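Asker: Handing you a structure now.
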Amino acid sequence: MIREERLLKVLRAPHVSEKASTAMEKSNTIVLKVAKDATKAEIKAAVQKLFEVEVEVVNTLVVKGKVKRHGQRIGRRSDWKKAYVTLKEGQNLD
Amino acid sequence: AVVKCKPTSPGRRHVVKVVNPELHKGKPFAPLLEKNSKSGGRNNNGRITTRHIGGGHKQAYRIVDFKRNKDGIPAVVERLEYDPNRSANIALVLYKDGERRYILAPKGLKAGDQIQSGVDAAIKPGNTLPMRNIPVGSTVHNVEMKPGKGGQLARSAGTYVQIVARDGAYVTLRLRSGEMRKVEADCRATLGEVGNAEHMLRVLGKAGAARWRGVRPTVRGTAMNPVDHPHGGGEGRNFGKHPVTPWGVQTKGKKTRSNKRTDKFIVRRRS
Amino acid sequence: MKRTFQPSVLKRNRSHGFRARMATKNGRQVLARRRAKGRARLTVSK
RNA sequence: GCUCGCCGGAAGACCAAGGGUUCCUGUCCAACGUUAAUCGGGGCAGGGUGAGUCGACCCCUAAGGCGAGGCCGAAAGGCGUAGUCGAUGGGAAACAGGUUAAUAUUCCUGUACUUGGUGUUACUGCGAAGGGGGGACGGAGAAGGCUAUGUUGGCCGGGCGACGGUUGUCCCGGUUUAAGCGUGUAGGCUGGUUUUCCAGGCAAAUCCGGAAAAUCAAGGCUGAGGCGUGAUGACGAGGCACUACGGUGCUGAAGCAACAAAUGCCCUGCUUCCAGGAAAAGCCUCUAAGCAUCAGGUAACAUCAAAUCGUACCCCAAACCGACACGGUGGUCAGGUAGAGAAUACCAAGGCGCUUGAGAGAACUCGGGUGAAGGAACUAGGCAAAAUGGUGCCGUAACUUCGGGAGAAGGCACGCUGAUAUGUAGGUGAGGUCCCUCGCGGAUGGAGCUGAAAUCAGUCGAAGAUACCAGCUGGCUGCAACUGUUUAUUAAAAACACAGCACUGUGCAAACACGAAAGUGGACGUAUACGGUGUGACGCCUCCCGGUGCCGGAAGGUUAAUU
RNA sequence: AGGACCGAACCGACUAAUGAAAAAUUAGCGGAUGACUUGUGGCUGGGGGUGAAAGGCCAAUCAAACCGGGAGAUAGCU
């Protein structure tokens, strides 16, 4: 049982990319940016409540931040957690 | 028996094996085993405290019974076994009550021989009893110095002690060194000589053998530079000084016993 | 030719890392000194 | 794109460590790239790392670390008990195919497995900080059984030749398929089952150990591979539709047999040797306190569960350690022909041509090739080159510690073809036939397959161990017995070490060593042991105690604090 | 059987000629079941360690490491 408030905080965004699109189309799997602390179960819960859609399974991974250079000064982008969430057969997501 | 090995290579030429067939060809009694890791002759500070120790073969520790307290229960000798931890051979015995122990194998002992500890026990080889009960003139081994402690004198492959006298609460032992020593007469002792008496006839026959026995090589002080040893330095081979340890103390002759607490027990020093 | 530095992360950490430094008084002192100096990377710790 | 060349026990493929975006795409060429650069491991932007079963975490411990109390220490702190950490070791579980520009045992497809809860009905002794078993272990050697893998034939598809021949004993390609489940084999280990008692296993034990007694000779454990299923599937040479020339979608034959065969597996086995070969948990089992008709245990079945972190890419290197796009770096994989071979040569798969080129064809330098006659005359020195170089057989001195010396020396044979023998000796081994406690069984049987070595006869060349590969040999002699070690980076030796020898200390709270100490090593050793010193295999051997040391003595002389 | 023999890997470094290289190269060379070699982790600390002993090695540094401090040591010398 995850708290409503917690759930709302978990899910950061949808991730747009070719791969993501492919996943959505073929495998019925949505690619989300989620909180770095968000566990799989929590993510699933969030998905179910907040998008109103049955979840088969969630795979997560941590994306490491790229090191960049703004002019002369070096600086690193933040790490962030990506989640492939596979929706059950016949579940169409808006 | 001793066996001079045929010189099919140098390093085998001068080898003499001591091959006893009556030893157990097999894995030892595992309950009585325990771990025994190597020091490298280095103490808790991590410094080398005794030179020339290092390496050699992994060895288990056989838990030998030197206290020898199963009084009245007769044991029977199951087998003789190789112990890597000592010059003697050990013997796995089986008490009538079902317990097993390792003991130093004495001279005549073999599989099937019955042995017994206690005041009542028969004065025969391998039997153990207090030195007030043991007849004067007898050869004993595995001799306790303090009653109850465990055998400390005469444990090595072909050693034994003579009980020369029993004067009241003490008995006088003629130790293998030639030292005559008073010992409390209630101290325990095992009848006969300890076993593996042709141990001294073995000759390693190569450098490697020594190494296998965990003995690193020994450099001569005279081969060193003066900063290292008192004997060091000299152009060519010089040695114009009285022999001494690496720490400057005389080596040829200078006595080093300082124990004034046990001077009373020493009847006569060895010669 | 086998050069002197042959990196190993665990070894580095155990040797020089924060916790090791903390463990002893001299280590602590070193840390303090570093802090005083204004070091950004107080220890080898990543 | 087509040729050419190089690596191929790597200059290929996959990891660890280390790095940390170098990966992929688009875009830009100032700088960086030893030249140019449209290219890049460079700049900028975007994308990319998907796990119950791989690894970490986790449970367990080794060396070792920390260490409540504690012992010790001016202080700081040292050592260490209980404990708790610490892998490089022990501990549950996944395979095949398909897919991305870039991930995959992680996605998808198929087919699996594991150990937890929870609930069940069925049963009914459960229970640990404890007991026992197990885990649990060395070197070498030898086979035998296997597979990986390869070769040939069969089969299936395609081919009929840019130049003489090529419908055949011809040419090219393919002929692949897992874990799991079932079977429990080659083979290895052990005698089982029941009963009774017992000073043992810190207490108890129905467990282990020990005693008896009965009765049956098969009982159990282990075990590669094969076979079956998994699989009416998947993959499949290439054909056929579309084409953003990147590829996408459909389709799909055969898919067998024999022989050879590992250093891999059975094997943590067996045999043997002495130098005598981790630990703890998981796992099995036994009970105690306990609880007692409850919990807990095992039984299947249902359901839920398996979080977290790593996953790109380089990894003998242009990405790690070397200031550089410059030598070092642990593991795994190991095709063909020749060969003893992981050597060597040429190749496969795959990967590269080393980020300045173009000419010229002087001296001189580097790295190679050949050289008349002579053959060490060179030189400090045959330094360097040259030479020797294989298998089999014959043959082989002094001296010797009887092992050696010895590959001593020195010689002969060596290709190809045919025959012996349309392929032998051997190896393997199908049908058939017989037996049978019935199976992965035993006999007999020899088809097919594979296959040296030799002899005889012929034959070609200047030359047959034809290339690469691959000892120079002998004689006298110093030193050190020997194998070893050493001045990282001018010294590898006659130096150090060595087995052996001798002296000497040391009686165990050992001498000695590290420690203001506690303590630790010596050693869980005990004089056939340990320390120190010298000598240095083996053989034959090996006067002086005045000096300086050490050992013993203590009559006298001298002699501190103290008084 | 073997600190046995010939010989790749692997470990080394006797001879030779020659910055890519602050010790390498190519050609030969020694050991190659052991007193072998190697990965990972651990321990020993500066008059201290370790040393089959060369004053060797202890982070390209060694007859006393490096870093900071006493410290602007002292310098009848340049």
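Residue numbers start at 1 in each chain; chains themselves are named A, B, ... in the order of the structure tokens; ligands are numbered from 1 in the order shown.
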Mind listing the helix (DSSP H, G or I) residues of region 40-262 of chain B, per DSSP on the backbone, as number ranges by chain?
Answerer: B: 197-201, 207-212, 221-223
Asker: For region 90-92 of chain A, find every residue with an atom within 9 Å (counting only C-alpha atoms (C1' of nucleotides)), except residues of its own chain fewer than 5 positions away, and show them as a PyMOL selection string.
Answerer: chain A and resi 28+53-55
Asker: Taking only residues of chain D that have an atom at most 9 Å from an atom of chain A, what is each one's shortest atom pair and its distance in Å to one decimal, using only C-alpha atoms (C1' of nucleotides), in chain and number order, as a tab-separated table?
Answerer:
residue	atom	partner	partner_atom	distance
D:21	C1'	A:66	CA	7.1
D:47	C1'	A:17	CA	7.3
D:48	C1'	A:19	CA	9.0
D:49	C1'	A:63	CA	7.6
D:50	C1'	A:59	CA	5.2
D:51	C1'	A:59	CA	8.6
D:100	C1'	A:19	CA	8.1
D:107	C1'	A:27	CA	8.7
D:108	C1'	A:27	CA	7.7
D:307	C1'	A:39	CA	7.9
D:308	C1'	A:39	CA	8.3
Asker: Any idea which chain B residues end up within 7 Å of chain D if we count only C-alpha atoms (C1' of nucleotides), as an NGL selection string please?
Answerer: :B and (7-8 or 10 or 41-45 or 47 or 49-50 or 57-59 or 84 or 96-99 or 152-158 or 176-177 or 197 or 199-200 or 204-207 or 212-213 or 217 or 242-245 or 251-256)
Asker: For residue 1 (chain B), work out the shell of residues within 9 Å, counting only C-alpha atoms (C1' of nucleotides) and skipping chain neighbours fewer than 6 positions away, then give it as a PyMOL selection string.
Answerer: chain B and resi 17-21+198
Asker: Residues of chain C were defined as contacting chain E if any atom lay at most 12 Å from it, counting only C-alpha atoms (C1' of nucleotides); please report them as an mmCIF file with N, CA and C atoms, in the first residue's frame.
Answerer:
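part.cif, written as the output of this step:
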data_model
loop_
_atom_site.group_PDB
_atom_site.id
_atom_site.type_symbol
_atom_site.label_atom_id
_atom_site.label_comp_id
_atom_site.auth_asym_id
_atom_site.auth_seq_id
_atom_site.Cartn_x
_atom_site.Cartn_y
_atom_site.Cartn_z
ATOM 1 N N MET C 1 56.846 -1.775 -19.661
ATOM 2 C CA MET C 1 57.455 -1.810 -18.313
ATOM 3 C C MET C 1 56.399 -1.539 -17.270
ATOM 4 N N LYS C 2 56.332 -2.392 -16.255
ATOM 5 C CA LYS C 2 55.327 -2.257 -15.213
ATOM 6 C C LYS C 2 55.653 -1.025 -14.401
ATOM 7 N N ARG C 3 54.838 0.005 -14.578
ATOM 8 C CA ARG C 3 55.046 1.279 -13.912
ATOM 9 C C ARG C 3 54.416 1.236 -12.527
ATOM 10 N N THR C 4 54.760 2.210 -11.690
ATOM 11 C CA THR C 4 54.532 2.111 -10.251
ATOM 12 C C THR C 4 53.064 2.085 -9.886
ATOM 13 N N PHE C 5 52.283 2.964 -10.505
ATOM 14 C CA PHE C 5 50.852 3.044 -10.238
ATOM 15 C C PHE C 5 50.104 1.959 -10.986
ATOM 16 N N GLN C 6 49.442 1.085 -10.240
ATOM 17 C CA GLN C 6 48.685 -0.008 -10.819
ATOM 18 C C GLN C 6 47.323 -0.022 -10.140
ATOM 19 N N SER C 8 43.626 0.180 -8.414
ATOM 20 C CA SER C 8 42.697 -0.777 -7.865
ATOM 21 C C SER C 8 41.870 0.024 -6.884
ATOM 22 N N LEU C 10 39.263 -0.519 -4.716
ATOM 23 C CA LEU C 10 39.072 -1.022 -3.348
ATOM 24 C C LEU C 10 40.319 -0.749 -2.508
ATOM 25 N N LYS C 11 41.454 -1.082 -3.103
ATOM 26 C CA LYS C 11 42.753 -0.906 -2.449
ATOM 27 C C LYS C 11 42.977 0.559 -2.102
ATOM 28 N N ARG C 14 40.566 1.649 0.795
ATOM 29 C CA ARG C 14 41.033 1.078 2.074
ATOM 30 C C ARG C 14 42.235 1.839 2.582
ATOM 31 N N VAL C 30 44.778 15.021 9.451
ATOM 32 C CA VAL C 30 45.028 15.264 8.035
ATOM 33 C C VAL C 30 43.794 15.890 7.368
ATOM 34 N N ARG C 33 43.207 19.400 8.460
ATOM 35 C CA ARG C 33 44.188 20.253 7.768
ATOM 36 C C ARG C 33 43.682 20.601 6.377
#
Asker: Just asking: which residues within region 30-62 of chain A are strand (DSSP E or B) according to DSSP, as a PDB file with C-alpha atoms, in the first residue's frame?
Answerer:
ATOM      1  CA  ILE A  30       5.484   2.973 -22.098  1.00  0.00           C
ATOM      2  CA  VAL A  31       8.804   4.658 -21.292  1.00  0.00           C
ATOM      3  CA  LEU A  32       8.658   7.033 -18.322  1.00  0.00           C
ATOM      4  CA  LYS A  33      11.067   9.273 -16.491  1.00  0.00           C
ATOM      5  CA  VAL A  34      10.574   8.535 -12.793  1.00  0.00           C
ATOM      6  CA  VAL A  55       0.368  -3.094 -15.550  1.00  0.00           C
ATOM      7  CA  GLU A  56       1.984  -6.377 -16.541  1.00  0.00           C
ATOM      8  CA  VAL A  57       5.494  -5.502 -15.338  1.00  0.00           C
ATOM      9  CA  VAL A  58       7.974  -2.638 -14.814  1.00  0.00           C
ATOM     10  CA  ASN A  59      11.634  -2.716 -15.853  1.00  0.00           C
ATOM     11  CA  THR A  60      13.715   0.195 -14.554  1.00  0.00           C
ATOM     12  CA  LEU A  61      17.143   1.522 -15.293  1.00  0.00           C
ATOM     13  CA  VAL A  62      19.306   4.400 -14.125  1.00  0.00           C
TER      14      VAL A  62
END
